[PDB]
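Enquirer: If you scroll down you'll find the structure; I have some questions about it.
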Ligand SMILES: C=CCc1cc(-c2ccccc2)ccc1OCCCNC(C)C
């Protein structure tokens, strides 16, 4: 192993630890593409955890300044201030591929603002959050996963990111509530007559199920839009992206099978991921 290989292997560890779903699928990409995904994912994962390192924006600003150094001087040596292995790997990617740096800055801004979290008044605010934490990641991945990106490639990547974040929200209602976060909008909670604290205490009811299903239908439509437009991605990436999206959206059926529980994190076991691989691999 070279020094650079060590950097990418660490990024891989971070991605696989955090997401068995995305690692299962994206590890099937050709070597140079999977390595880029690992680095981008690891940066975004580090951003996600950054406030809790000390309890304030310190580490997140260190990350931001490292990304800014790469943007301004991609071919210069940097004393990185944050996670040196991740930033060395990101820099290596930036030397080979176009990175949408503003999308990282939008992600960072979203994480900063989340310090001051207030419940979303409207679904538009919820979807804006989904853009900030997940559509941004799709934008950064777009040049890795396409040959000739257009406005459509970025639209489709944003839309997939938003589907994936909505699925995360739908899986994690109980855990997020424990952590003082409710992502369903106040407007929709009022319309469906749902109080998450009350549901956390007393279990699901038809009102809650109807609200959950309202959002699930959006995630599913987002997913179908992306599958319909999958030809924006490179031929090698298409079945991998279909696999990632199908594995992740299978979580919705797992939630349903578990009666929409607020008290455990449901999952798609490895053997089921493999079944989806076989179904998609046979298709391609
Ligand atoms: C690698 C998976 C992550 C990923 C992938 C696509 C995508 C977009 C287009 C095509 C293929 C994939 C979009 C958003 C993604 O990030 C979701 C939030 C992750 N947050 C953790 C990092 C905290």
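Numbering (our numbering), first residue to last: 1 to 284. Each residue gets a CB set at the ideal place from its N, CA and C atoms; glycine is no exception.
1) For residue 265, does the count of other Cβ atoms within 10 angstroms reach 16, so buried, or fall short, so exposed?
2) If you measure between the beta carbons of residue 133 and residue 103, is that distance less than 7 angstroms?
3) Sorry if obvious, but does the Cβ on residue 273 come closer than 6 angstroms to a heavy atom of ligand 2?
4) For residue 82, which residues of its own chain have a beta-carbon under 6 angstroms away from its beta-carbon, when the five flanking residues on both sides are left out?
5) Going by DSSP, what residue range makes up the alpha helix (DSSP H) through residue 259?
6) Any idea if residue 143 is buried or exposed, counting beta-carbon neighbours within 10 angstroms, 16 or more meaning buried?
7) Less than 6 angstroms separating the Cβ of residue 276 from some heavy atom of ligand 1?
8) Counting only the same chain and skipping the five closest in sequence on each side, list residues whose C-beta sits under 7 angstroms from that of residue 92.
9) Measure from the alpha carbon of residue 234 to the alpha carbon of each residue in 33, 98, 1, 162, then state which is nearest.
10) Which first and last residues belong to the alpha helix (DSSP H) in which residue 103 is found?
11) Which whole runs of the alpha helix (DSSP H) in the stretch 17-53 are 4 residues long or more, in chain order?
12) Can you tell me whether DSSP reads residue 282 as helix, strand or coil?
13) Taking contact to mean 3 or more Cβ pairs, one atom from each stretch, closer than 8 angstroms, check whether the stretch 151-161 and the stretch 209-221 are in contact.
14) Return yes when at least one heavy atom of ligand 1 lies under 6 angstroms from the C-beta of residue 157, else no.
15) Alpha helix (DSSP H) containing residue 233: first to last residue?
Expert: Considering the structure as presented:
1) exposed
2) no
3) Absence of ligand 2 is noted for the structure shown, with ligand 1 being the only ligands found.
4) 62, 63, 66
5) From DSSP, residue 259 is part of no alpha helix (DSSP H); its letter is neither H nor E.
6) buried
7) no
8) 4
9) 33
10) 101-114
11) 20-26, 31-49
12) helix
13) no
14) yes
15) Residue 233 -> no alpha helix (DSSP H), and no H or E assigned at all.
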